[PDB]
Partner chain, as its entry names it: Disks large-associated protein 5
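Let's start with one chain on its own, the form solved without its partner chain, as structure tokens.
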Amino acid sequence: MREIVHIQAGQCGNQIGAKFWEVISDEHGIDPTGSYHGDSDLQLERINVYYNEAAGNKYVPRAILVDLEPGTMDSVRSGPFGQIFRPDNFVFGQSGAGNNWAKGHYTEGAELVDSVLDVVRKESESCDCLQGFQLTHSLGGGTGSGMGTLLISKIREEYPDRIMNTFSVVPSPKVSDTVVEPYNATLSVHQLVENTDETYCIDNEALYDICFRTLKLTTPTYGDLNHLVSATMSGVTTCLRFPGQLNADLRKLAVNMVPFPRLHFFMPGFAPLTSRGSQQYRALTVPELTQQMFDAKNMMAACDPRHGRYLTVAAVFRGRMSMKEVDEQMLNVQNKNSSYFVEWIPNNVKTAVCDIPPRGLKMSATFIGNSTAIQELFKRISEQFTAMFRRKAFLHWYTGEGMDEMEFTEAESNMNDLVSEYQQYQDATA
């Protein structure tokens, strides 16, 4: 299947999603003007997955840009690559969503969708072969969580037989201390469970702790969190963007990764962890790109992978190395640590490889796991949700907006079930 349509919604989504477009444009050799100036034929070979061609050998991404507020799409036009994006695929309104799921899902934005959809339809009738869609959105509340989980639903009945995946940033106290945030995650996670084929769990709590206790950056900006994010959306998509054999398309990756239909949530992982300061420590140990990915402290989700079992892992080493120490030492991680991979899924760890790394790095790995450790993520948002719910705290921002208390109770049943399903398979046997 060839070509992927990317949509970015919300403030967060539009910001990471533009860093995404920025980074992979470097890897591929498209400059802000859309002309190719790269030093490989390997870069142009599968360029059509994320870019369209045009008059003059120009390459304009397949992104829709979506926001209920303009203030995030006026500043991206004013960024390095806001020139290249097509102008008709900027779909802002003005209302805003007050960091409310209901306001994005039902009130405001329910009027801006069916405008987003009409350009979604547009870029997709140009497709020889559609893989599906990727959304960059935030789970923390507002135009990205509520419109985002409305786009995803309305896109599913129109293209039911296409793959839906998301990069879904997960809210933490430690980053935004916005009281109303555990509500809008449990409202989004309810919809992601029903309607996505795979979700990456970029968890702002994890990104905070890496930027503060690993990178030692005492006051973390949205730039330093996003840096760690864009390095991850390069790894987890590289298999889609360069020629290769393993997890090469959205559907093949889903079929390698999702054992049970509902457990389609992955925690990423990245080695080597870097800051924007641009100090590059490398060869400080080389085969142990295998012990770094598999470490808690390199995950992008606040989960200790040792507190459960892996179900499907996908390691992707980028750079210039030996495909033969990669093999040996990835077979070692699985046989030092044999209990941490479920047994009723034999050969559950697949290992791809790439020959071009990102800029900055001579060698870099990337990690895509379906671990049951992930339940620390949801149990965290479960407890913070149930705290705010039990006291009916702030519940009238939503009932006011043509919602209902049962959505709240329902959305908490779903994710709590998710938790115990992950916990059955974290403990199964024979």
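Numbering follows the first chain given and starts at 1.
One more form of this protein should be noted, the form deposited with its partner chain bound, which is absent from this view; the next part is about it.
4.5 angstroms heavy atom contact with its partner chain in the entry with it bound for residue 133: Although its partner chain is absent here, residue 133 would stay clear of it in the entry with it bound, with no heavy atoms inside 4.5 Å.
Looking in the entry with it bound, any heavy atom of residue 317 within 4.5 Å of its partner chain? So residue 317 does not count as contacting its partner chain.
Can any non-hydrogen atom of residue 359 be found within 4.5 angstroms of its partner chain in the entry with it bound? So residue 359 does not count as contacting its partner chain.
Using a 4.5 angstroms cut-off on non-hydrogen atoms, would residue 309 count as touching its partner chain in the entry with it bound? Looking in the entry with it bound, residue contacts with its partner chain include residue 309, since a heavy atom lies within 4.5 Å.
What residues of 312-332, in sequence order, lie within 4.5 Å of its partner chain in the entry with it bound by heavy atom? Going through 312-332 in order - heavy atoms within 4.5 Å of its partner chain in the entry with it bound - the hits are 328, 329, 331, 332.
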